[PDB]
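Line by line, the protein sequences are chains A, B, C, D and E. When you read off a place in the first sequence, starting at 1, and then add 377, the result is the number in the UniProt record's numbering. When you read off a place in the second sequence, starting at 1, and then add 324, the result is the number in the UniProt record's numbering. When you read off a place in the third sequence, starting at 1, and then add 429, the result is the number in the UniProt record's numbering. When you read off a place in the fourth sequence, starting at 1, and then add 997, the result is the number in the UniProt record's numbering. When you read off a place in the fifth sequence, starting at 1, and then add 850, the result is the number in the UniProt record's numbering. Idealized CB from N, CA, C, for every residue including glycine. What follows is a set of notes on a single structure, which appears directly below.
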Amino acid sequence: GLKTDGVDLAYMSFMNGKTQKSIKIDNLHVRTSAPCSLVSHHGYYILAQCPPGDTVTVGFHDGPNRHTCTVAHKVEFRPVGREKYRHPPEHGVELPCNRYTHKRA
Amino acid sequence: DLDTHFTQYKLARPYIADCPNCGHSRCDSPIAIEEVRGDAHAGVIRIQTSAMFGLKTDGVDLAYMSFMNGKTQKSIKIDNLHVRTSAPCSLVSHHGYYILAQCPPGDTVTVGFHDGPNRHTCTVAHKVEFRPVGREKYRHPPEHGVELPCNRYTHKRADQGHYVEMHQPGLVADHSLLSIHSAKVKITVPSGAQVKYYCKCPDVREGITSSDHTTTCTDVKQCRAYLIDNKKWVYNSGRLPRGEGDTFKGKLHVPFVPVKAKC
Amino acid sequence: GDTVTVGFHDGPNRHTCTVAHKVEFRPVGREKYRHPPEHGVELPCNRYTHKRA
Amino acid sequence: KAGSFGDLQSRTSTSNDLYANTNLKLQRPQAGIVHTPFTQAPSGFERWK
Amino acid sequence: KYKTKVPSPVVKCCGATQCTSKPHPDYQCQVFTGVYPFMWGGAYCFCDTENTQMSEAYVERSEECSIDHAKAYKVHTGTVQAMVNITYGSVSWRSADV
Ligand SMILES: *[C@@H]1O[C@H](CO)[C@@H](O[C@@H]2O[C@H](CO)[C@@H](O[C@@H]3O[C@H](CO)[C@@H](O)[C@H](O)[C@H]3NC(C)=O)[C@H](O)[C@H]2NC(C)=O)[C@H](O)[C@H]1NC(C)=O
């Protein structure tokens, strides 16, 4: 999110040592069965558009090292509707899905 | 002989359209994916980006990369293309708007390069499979086995077996034009291009001009920021607005014909 | 994965290699997962080493 | 019939005329964005394979 | 298999654009209003309901239609053939189509 102090959501503070490292987000990678798409980060928390996947597999690139993290979690994406797609299309009717926001406020 | 299809190259531009799930949601990517064709057998898909990679703006090196940034192209290196699906695909070849890539099956298709400052990808739904031709229902082509008459797309460009209509672009929005003349909304022009202009109020009603001002209206949000810039034709994407004037010329081939390769 | 697909990056070129091979990962147990969890019981699986010696 | 075999029916390959009962039904694009909803049966040549 | 090779829709910004039934095979075309088409600068047509969008799509033979294509026939009886070998007698050879 912001740095240690005050600026720019699109920077990147993890812990290296006992210490933070509040620097740029350059090469984040969430992924699953396929590489996901980031949606937004705020705080400890990231939203990302993923396909289905038996697992979840996350990781940035500090620059000297890959330094990723991975986990098990059953994932699916049924769209709301009597159609059991695997993925959202470009067209079709709109109807009341459940979904997370882009925003922070 | 990469210099035999200036039909497309000189005369077509990297089109920009509305990608459906462009990382976040519906952006307008230059690599907006239309006409996914998982209809062959060889692990291959022929795709059309709205972007015209290939030679540069002018004359050199298929393996460079021209998409639209702004109203403008950006004819630079292809460095980090990524087509992908359920897994990362393998590029086969690009020519014009069009790329061939060896993919596995996938519920979707998901494309993207890396300009260098940004990921800047584009993704789409399309049912993909790869049955090989044969009474064996594999999921993937092996190293060995018999050869027999599959359907498959070529590596090459020296290709005329079909041609798709590629006439002009319609206008496009560009509100970077509509600046302010310190009290009035101020339009400009790219290079003397044809800017089609008026506002909700009564002022100049067509707009075929150099940089105009706007006597009447003030707000940028009630004016016609348009670019009739038909010096280079486009692909006739469904995600194109019609060039209302005419069906201009620009019949243009397809490289990746489906051919009777023996996979 | 239906296949296996390998590759490094020399730096000027991708220069990968890919192959067919039927892959699965059943964990040992009467549970037919698709992936190893963080927790659960330990029991005698078959597996390759980290090491060289 | 659309979806069924022969949704596209061209006399030959050259024949510009044909019969295309595909039940192609356009729908309006969503939320003020340029695109073309074409709602259509994938071919009776897709099935039949 | 078809290819819905969509011709690029018209977008009139303030008022209607009546479509006509062009002679393309299965030329489906339907006028639409009530748009606000985001195209690279947000929307571009300054109206909000008079924004009109005319979608048109016709069916066309795939490029695979030339090469990967089923093929019907009305089949009558015709006339059967054979490359009959006779290694006759002492002649010992003829392999002829009959
Ligand atoms: C005529 O009737 C014959 C019925 O057996 C068949 O003709 C056969 O053609 C083969 C190829 O011309 C011959 O094989 C060759 O035979 C010689 C002599 O024995 C060998 O040196 C050769 O190696 C061998 N060729 C190979 C590739 O092995 C057969 O000998 C010959 N049959 C006989 C009895 O001599 C065919 O059914 C028919 N010919 C047609 C249809 O062309």
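Cross-chain neighbours of residue i in chain D, by beta carbon under 7 Å
i	result
A/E467	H1032
Which residues DSSP lists as bridging residue i, in chain order
i	result
E/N901	E/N901 is not bridged to any residue.
E/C879	E/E906
A/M389	A/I400
B/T373	B/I357
E/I936	Answer is none; E/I936 lacks a bridge partner.
B/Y487	B/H577
B/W557	B/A336
B/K510	B/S503
B/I552	B/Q518
A/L379	Answer is none; A/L379 lacks a bridge partner.
B/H406	B/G436
E/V860	E/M904
D/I1030	E/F888
Proximal chain D residues relative to residue i, where beta-carbon distance stays under 8 Å
i	result
E/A866	Under the 8 Å cutoff, chain D gives no residues; its nearest Cβ is about 14 Å from E/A866.
B/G347	Within 8 Å Cβ-Cβ: nothing; B/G347 doesn't reach chain D, min ~16 Å.
A/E453	What A/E453 touches in chain D: nothing, since even the nearest Cβ is about 24 Å away.
B/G562	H1032, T1033, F1035
Chain-ordered neighbours of residue i on chain E, where CB pairs are closer than 8 Å
i	result
D/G1000	The contacting residues do not exist; D/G1000 stays about 11 Å from chain E at best.
Contact list for residue i against chain C, beta-carbon separation under 9 Å
i	result
A/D431	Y462, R463, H464
Neighbour-count burial assignment, residue i, 16 or more Cβ in a 10 Å radius
i	result
B/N345	buried
D/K1046	exposed
E/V930	exposed
B/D352	buried
B/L551	buried
B/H329	buried
D/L1021	buried
E/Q868	exposed
E/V885	buried
B/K520	buried
E/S905	buried
E/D876	buried
C/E471	exposed
E/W890	buried
B/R361	buried
Beta-carbon proximity list for residue i, same chain, < 7 Å, skipping 5 on both sides
i	result
C/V448	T432, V433
A/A425	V407, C413, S414, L415, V416
E/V856	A907
B/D342	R350, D352, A356, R563
A/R476	none
B/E489	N560, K575
E/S945	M933, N935
D/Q1006	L1015, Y1016
B/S535	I511, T512, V513
Close-in-space but distant-in-sequence residues of the same chain around residue i (CB under 8 Å, 5 per side omitted)
i	result
B/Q397	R337, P338, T381, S390, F391
B/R529	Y522
9 Å Cβ cut-off: residues of chain E touching residue i
i	result
D/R1025	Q880, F882, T883, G884, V885, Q903, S905
residue 594 of chain B	This structure gives no information on residue 594 of chain B, because the portion of chain B shown stretches from 325 to 587.
Beta-carbon contacts of residue i that lie in its chain and below 6 Å, excluding the five residues immediately before and after
i	result
B/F454	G367, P429
E/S912	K851, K853
B/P526	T540
B/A549	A497, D498, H499, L501, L502
Residue i: contacting residues in chain C (beta-carbon distance under 8 Å)
i	result
B/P428	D431, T432
Listed by chain order, chain B residues near residue i by CB distance under 9 Å
i	result
C/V435	None at all; the shortest Cβ gap to chain B is about 12 Å.
A/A411	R408, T409, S410, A411, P412, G430, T432, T434
E/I917	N475, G485, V581, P582, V583, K584
Interface residues of chain B facing residue i [CB-CB closer than 8 Å]
i	result
C/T447	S414
residue 949 of chain E	For chain E, the structure presents residues 851 to 948; residue 949 of chain E sits outside this window and is missing.
E/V861	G494, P565, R566
E/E913	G485, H486, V578, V581, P582
Under 9 Å by beta carbon: chain D residues contacting residue i
i	result
E/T854	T1019, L1021, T1033, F1035, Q1037
Any non-hydrogen atom of ligand 2 within 6 Å of residue i CB
i	result
C/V457	As presented, the structure is devoid of ligand 2, carrying ligand 1 as its sole ligands.
Sequence ranges, beta strand (DSSP E) only - wholly within the region 415-462 of chain A, length at least 3 = The qualifying runs are 422-426, 430-436, 445-452.
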